[PDB]
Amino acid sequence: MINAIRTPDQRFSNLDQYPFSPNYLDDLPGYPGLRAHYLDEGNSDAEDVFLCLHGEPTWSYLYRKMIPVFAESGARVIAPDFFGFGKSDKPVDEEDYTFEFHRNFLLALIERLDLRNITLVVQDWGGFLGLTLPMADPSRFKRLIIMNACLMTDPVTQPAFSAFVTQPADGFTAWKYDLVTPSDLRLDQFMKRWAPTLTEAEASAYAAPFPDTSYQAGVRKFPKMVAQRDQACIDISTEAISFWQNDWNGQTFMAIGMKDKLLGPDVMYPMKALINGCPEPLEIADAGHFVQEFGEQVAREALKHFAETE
């Protein structure tokens, strides 16, 4: 077993606008002794499944405005919390978190739930990882909703997907500094800074998973993996580019949080060009990195775009 701890359930007692019932998978292949939490909303026998993947330092709570919109369209919605996050178990050592640790978890979850007709919904690490899934099992994937995200390839193959790491100083550089440096990391305060439109109660929901620093190893490791990409990550991410460019023929919808200093237009337009058939992006002027906080619009517009060419 990996050494891991579990957030007490009382931490989730008073969440704001998260009425979604918990589902758990324990002992997924390759993850013995670890319990993963996921939401499973809407018609369980739906033809379509929206697989909503979160990023750093969030959890399925981030999708709370989108889930009801997708479910009311008649689709199923699966929103897992990565190990280290949300209501999932949390390995205590940063060394146990790797790109493939997280990627293989998603593949295991997809196989375990036998998800098909997937609309992949991604942002940040949900995208860095999620965008590498379809090439592993392409017949399971039907559509893509992409918000502020890209692929963790090397600087030479796609400079746009590395330049943001070092400029602007107040972008990823500040984000990483905020996450990896404090001994007492307060994610409510972090999230209010990086999503300034959050209410206090919403911000508290992002601190909920983390009673203390011992629960935050996954949180600390994510930004380090953006700055230092292992060979497996580079290879897998580069292969993914070829998939979206050359193999993908599904329906696609893009939305950009225009105030994002990390993964805004300078990353998302290059990403648009690499995704075969990706339409003009929906630009959300007021949205920052956490586009899902303006997510009702994204979900509604994506559904209309998809209805238009079913």
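For every residue, the number given is its place in the sequence shown, counted from 1. Definition used throughout: the rigid core is the maximal C-alpha set that superposes within 1.5 Å between two forms.
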Rigid core superposition result in 5 other deposited structures of this protein, more deviant of 27-35, 48-56 by Cα: 27-35
Averaging CA B factors per stretch from the PDB record, which one is higher: 20-28 or 286-294? 20-28
Sorting the chain's modelled residues by C-alpha B-factor, tell me whether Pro211 ends up in the lowest, middle or highest third. middle
C-alpha B factor of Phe141, ranked within the chain: lowest, middle or highest third? highest
Considering every modelled residue of the chain and its Cα B-factor in the PDB entry, is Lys87 in the lowest, middle or highest third? lowest
Hey, what third does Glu41 fall into on Cα B-factor, ranked over its chain? middle
Chain-wide C-alpha B factor ranking for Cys233, given as lowest, middle or highest third: middle
